[PDB]
Amino acid sequence: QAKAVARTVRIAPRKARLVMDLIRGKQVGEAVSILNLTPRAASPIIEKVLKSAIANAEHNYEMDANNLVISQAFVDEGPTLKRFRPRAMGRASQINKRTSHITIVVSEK
Amino acid sequence: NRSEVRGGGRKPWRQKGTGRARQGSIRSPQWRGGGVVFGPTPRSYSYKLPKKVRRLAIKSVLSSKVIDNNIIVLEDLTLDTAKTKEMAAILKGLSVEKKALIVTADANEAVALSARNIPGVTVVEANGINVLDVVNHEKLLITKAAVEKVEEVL
Amino acid sequence: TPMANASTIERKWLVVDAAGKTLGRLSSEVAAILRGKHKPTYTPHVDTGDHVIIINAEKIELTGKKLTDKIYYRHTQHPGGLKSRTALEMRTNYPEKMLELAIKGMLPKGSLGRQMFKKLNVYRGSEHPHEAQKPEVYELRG
Amino acid sequence: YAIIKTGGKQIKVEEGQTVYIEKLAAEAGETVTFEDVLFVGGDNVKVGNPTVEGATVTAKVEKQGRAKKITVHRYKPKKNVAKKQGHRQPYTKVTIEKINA
Amino acid sequence: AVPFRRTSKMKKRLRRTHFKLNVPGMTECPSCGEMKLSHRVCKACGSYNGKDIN
Amino acid sequence: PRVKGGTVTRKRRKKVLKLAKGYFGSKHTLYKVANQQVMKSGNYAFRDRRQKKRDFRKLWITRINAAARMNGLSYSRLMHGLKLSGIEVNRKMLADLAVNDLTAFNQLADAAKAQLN
RNA sequence: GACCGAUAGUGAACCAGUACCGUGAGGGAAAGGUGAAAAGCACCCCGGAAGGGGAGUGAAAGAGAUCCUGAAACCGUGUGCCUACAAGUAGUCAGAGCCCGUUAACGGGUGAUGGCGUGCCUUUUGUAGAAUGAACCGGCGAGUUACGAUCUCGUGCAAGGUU
RNA sequence: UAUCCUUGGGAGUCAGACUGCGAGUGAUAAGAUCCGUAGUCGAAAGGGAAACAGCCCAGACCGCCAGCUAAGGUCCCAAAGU
RNA sequence: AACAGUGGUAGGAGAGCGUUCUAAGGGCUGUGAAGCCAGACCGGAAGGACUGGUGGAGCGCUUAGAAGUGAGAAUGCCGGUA
């Protein structure tokens, strides 16, 4: 099996986990087609991590791209950045800019 | 303590008991910046025993060595060269394989310069014996002129 | 140690005629048969009872003035009102309901008491559709 | 089978079993005998009122032990009372042979 | 409207049951062979209903 | 010298959290709700160790009463006549192997009709 | 030094009376650790790059730059048992079925169903209370010390005992 | 039957509540108020009175899948007499 | 060995478990120390071992002595996270 990680892309993990539920378990032929036609902001980021694992598989371990399947697909969370948004009467609220780690493991079928 | 920590003289944040607890200083003992409640203080630890107890304690630890056969009365113990090579052969001839304690009459210089580097041995003068040094050393080496100096004081 | 029974129970069917009996001195024996107290293998949590068919439900009788002044009430969850039926107009129009309301109050409350109520079959008249089950005849008071 | 009365309680026993009773004063390898054998049954039913006469049960001691630990905790709300304790409760394990009624 | 007490862990896992998003309605393009949305121009070859839109 | 306080709090709390495995929700992860549940479990276990021997006796009576009414008589007339008059001394637990051996229970129930005549 | 060891010891182990706050007098932080040695990743592959997968260095790369070890709250992904007719301070005692094999023990995990059961602390004559406290986790956080008085116990000597 | 008194060290407590029996106070009215006398809570769990500080029975060192009883009960819920 | 006893708040008396440092002798570790993570073991309680994984250099036992010696609550302080 081959794998590829993203490590601190700038997207909140609860939003990126909605797109990961669509491609889990499928073959890498139609998982690329699903991600090209979904109108969310997480799918051009997940598609590069997916296409980078197929290239690891067919170059480092000499598999074939026709007989691959998505074994594992999960989103962990990374460090957050804390900013300050100004409010009425000097409340000074706090904005969390959350990040995530995106991992995809692809294996033979 | 609470009045030696640097700063903290005024009411911390406008004295507001609004949704938080009422505080009076930022150097209170439950804050983080400091204020130790009791802690240590510089003081002394010595006291004094009565003078008859001070002599009974030295007589006990001296008479408890003649029971255990750990006393070696020597005759003169004279050195001339002041070497450590030959003082460690004297202690081999008397079969001292552990800690020792050498008591001389009054301040011999060649036997004190020697036997200074040997890690067990400790040399002391006849009016310099005490309890914690006689108990700690497992084998006493006194000279002939030293028991006459000890027995006149005690 | 005592033996509990579980998937080794053997039910059997009994026919009880309600021809000349009192409403409450029949319901007690039936509610003790359904629960299973007449068997030496009774275990309090596995429903050891039997199946009961009650024929001639419209021929029950109540003693005293209970045919008129015993009132069956019925409330909905907050409509602003309740409904009322007489025990005589309950005996000739819904006779199979007054024998189920009686026995349902003498059974325990919970999942078993709602599951062991499912073994009671009440009919008006003297014919029942269960001949394939081959029921026996049971006589009251023992 | 027989019914014996040994440890303040009664035990329905039969030949070849292995039972756990309260602690007897014998060691391992010994042979205990029970004398109070009220109601020996089977096919020679003898309903003794107390103690069918002349019958015994023979057994041999397999083990002396203690059981698994229990903890007793027992607190009182609002009064600052609490009390932990541990218990193990010894036993004797015997095996049964020759019910001689 | 201020909450009385905090929401449990399984009470917020149950609320997101109907929060998923579903797979798009896609078929195969008869010209190039890629996937494309139904009743829409293929974004790879630029062809719809046989003819070419480029 | 200073005793800062290291690894004793963690061990003392992990013991309580290992006694709380199987509990619902926050009661197996957080310390100060697992502690209260372990305290209530100790009290409940004491009370139920007494109620267990209350409850098995009323189980045994219910089966002796049902195996006795098969013959001719209730529990109240079987016991007065078994334990008192015909002085045999089997008790509620072992006289409740009318489940298994019902042809040896009838010997004991026939030896108690003789005393009531 | 029977002193501290990074929430401790100076306010400050680090470009600290600094950054910030105030018109001003003035108040005043947070922030240590790659490796024995940079030998700190040549070259190839996906990508605009960030970031990865190999290959190399090394005793270790799960030591790759906030780089010794790395707990808990919190967030996930797989799976063994249960769950869509049910009224529950969520446990405890009784208990089938299914799944496993231990510091080998009258073993471990889930539990359909039955009985019992009004949180913890404080304060009150008295609480389940529309009495008070706590969002959760981690760290810190409260009868000491000096000098007098008095009583018991221990030791030495005793009508003398101690400087 | 096994308490009692003296001397010395250490304390806590000082708005008590309700029930039964004797009196004022009020309207011989409140779960009101204040005295004498006994009990129970306070500081006491367990069984009964449907639930129940203070009423009836009774005082938890721990374990048992043993037995006899108290107050109260024996048609079904719910152990025991249709 | 017989007997007798063992509910408990304020409070009095007794016996103990753990933490850091110091002194004596005695001794464990690169053939893997402290710490961390699991487990179905042992003790009347506080508590203590033994196997396995991580970690990569220090630690414990016996007898005495000193104390910044034990945390669930203070609309407690600081950090992290819902």
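Parameters at a glance
- Residues numbered from 1 in each chain as written, not as in the entry; some residues may be left out.
- Chains lettered and ligands numbered in written order.
- Part of a larger assembly, values for the part shown.
- Heavy atoms only, no water.
- Helix = DSSP H or I, 4+ residues; strand = E, 2+ residues; numbered from the N terminus.
- Rg over C-alpha atoms; globule rule 2.2 N^0.38 Å.
- Contact = heavy atoms within 4.5 Å.
- Areas by Shrake-Rupley, 256 points an atom, 1.4 Å probe, with all protein chains shown as cover.
- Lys, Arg positive; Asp, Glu negative; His and termini not counted.
- Charge placed at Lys NZ, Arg CZ, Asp CG, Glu CD.
- Buried area = accessible area lost by both parts, 1.4 Å probe.
- Salt bridge = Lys/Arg side-chain N within 4 Å of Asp/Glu carboxyl O.
- Polar contact = N/O pair within 3.5 Å; in protein donor to acceptor, adjacent residues only side chain to side chain.
- Nonpolar A, V, L, I, M, F, W, Y, C, P; charged D, E, K, R; others polar.
- Near = heavy atom within 4 Å.
- Pairing = 2+ DSSP bridges.

- Structure determination for this PDB entry was carried out by cryo-EM, with a resolution of 3 Å recorded in the header.

### A short note on the overall build of chain A
Moving on, step 1. Across its full length, chain A carries three helices and five strands.
Moving on, step 2. In chain A, the succession of helices and strands from N to C terminus is β-α-α-α-β-β-β-β.
Moving on, step 3. Relative to a compact globule of 109 residues, whose C-alpha radius of gyration would be 13 Å, chain A shows 17 Å and is clearly more extended.
Moving on, step 4. The C-alpha extent of chain A, read off along each of the three principal axes, is 60 × 25 × 15 Å.
Moving on, step 5. In chain A, the share of contacts with a sequence separation of at least 24, taken over all contacts with a separation of at least 6, comes to 70%.
Moving on, step 6. Approximately 6,600 Å² of chain A is accessible, and the part contributed by carbon and sulfur atoms is 48%.
Moving on, step 7. For chain A, the distance from the average position of its 19 positive side-chain charges to the average position of its 9 negative side-chain charges is 19 Å.

### Details of the interface of chain D and chain F
Moving on, step 1. Contact residues are listed per partner, giving 19 residues for chain D and 17 residues for chain F.
Moving on, step 2. Taking both partners together, chain D and chain F bury about 1,600 Å²; carbon and sulfur atoms supply 63% of that area.
Moving on, step 3. For the pair chain D and chain F, the interface holds zero salt bridges.
Moving on, step 4. One can count three residue pairs in polar contact joining chain D with chain F.
Moving on, step 5. Where the side of chain D that touches chain F is concerned, the elements lending two or more residues are β2 (10-13) and β6 (70-72) of chain D.
Moving on, step 6. Partitioned by chemical class, the residues of the side of chain D that touches chain F number eleven nonpolar, five polar and three charged.

### Quick notes on the interface of chain A and chain E
Moving on, step 1. Across the boundary between the two partners, chain A contributes eight residues, which contact eleven residues of chain E.
Moving on, step 2. The largest contributions to the chain A side of the interface with chain E come from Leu18, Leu22 and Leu37 of chain A, which together make up 55% of the buried area.
Moving on, step 3. Linking chain A with chain E are zero residue pairs in polar contact, by the criterion used here.
Moving on, step 4. The greatest single-element share of the side of chain A that touches chain E, amounting to three residues, is contributed by helix α1 (residues 13-23) of chain A.
Moving on, step 5. Class assignment for the residues of the side of chain A that touches chain E results in four nonpolar, two polar and two charged.

### Concerning the protein's contact with RNA strand I
Moving on, step 1. In the vicinity of RNA strand I there are 43 residues, among which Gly17 of chain B, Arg66 and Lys84 of chain D together with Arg12 and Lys21 of chain F approach most closely.
Moving on, step 2. In the environment of RNA strand I, a sugar or linking oxygen lies 3.3 Å from a nitrogen or oxygen atom belonging to the backbone of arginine 32 of chain B.
Moving on, step 3. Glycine 86 of chain D is positioned with one of its backbone polar atoms (N or O) 3.4 Å from a sugar or linking oxygen of RNA strand I.
Moving on, step 4. Looking at the surface near RNA strand I, the elements with two or more residues in it are β7 (85-87) of chain D together with α1 (8-18) and α2 (31-68) of chain F.
Moving on, step 5. If you tally residues by element for the surface near RNA strand I, the top one is α1 of chain F, at eight residues.
Moving on, step 6. When the residues that make up the surface near RNA strand I are grouped by side-chain class, the tally is eight nonpolar, twelve polar and 23 charged.

### A short note on the pairing of strand β4 (residues 82-86) of chain C
Residue and element names in this part refer to chain C.
Moving on, step 1. With five bridges connecting them, strand β3 (residues 71-75) and β4 associate as antiparallel partners. Within the sheet, the bridge partner assigned to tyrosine 72 lies in β4 and is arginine 85.
Moving on, step 2. Following β3, the chain reverses through six residues before pairing antiparallel with β4; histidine 78 in that reversal takes a positive phi of roughly 55 degrees.

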